[PDB]
Amino acid sequence: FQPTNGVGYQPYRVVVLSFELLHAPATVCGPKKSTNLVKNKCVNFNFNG
Amino acid sequence: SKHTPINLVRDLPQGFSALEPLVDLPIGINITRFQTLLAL
């Protein structure tokens, strides 16, 4: 090998993070970006879901 | 669980005392038997 190996021959680091959904606890949530807070206004609110 | 000072020894104290949640671990395995541990 070489520090400047070409594609196909150079090292290929792989991560295979696997999603498992079974009787195990399901700590799956959404891409919720926390917003600011307002008051004294008709507002559609959502807290912890 | 809960804590409170008492005076009775051989019988349960007379009164009411709520137990608040402390742990809710989602262990996700079956439980049928159990045992205690002691300090000597």
# chains A, B, ... in the order shown; residues from 1 in each chain; ligands from 1
$ closest_atom_pairs --of "chain A" --to "chain B" --cutoff "8 Å" --atoms "only C-alpha atoms" --output "CSV"
residue,atom,partner,partner_atom,distance
A:23,CA,B:28,CA,7.0
A:24,CA,B:28,CA,5.8
A:25,CA,B:26,CA,6.1
$ residues_around --residues "region 12-19 of chain B" --least-positions-apart "3" --cutoff "8 Å" --atoms "only C-alpha atoms" --output "list in words"
residues 1, 2, 6, 7, 8 and 9 of chain B
$ atom_distance --atom1 "CA of residue 21 (chain A)" --atom2 "CA of residue 30 (chain B)"
18.2 Å
$ atom_distance --atom1 "CA of residue 26 (chain A)" --atom2 "CA of residue 32 (chain B)"
23.5 Å
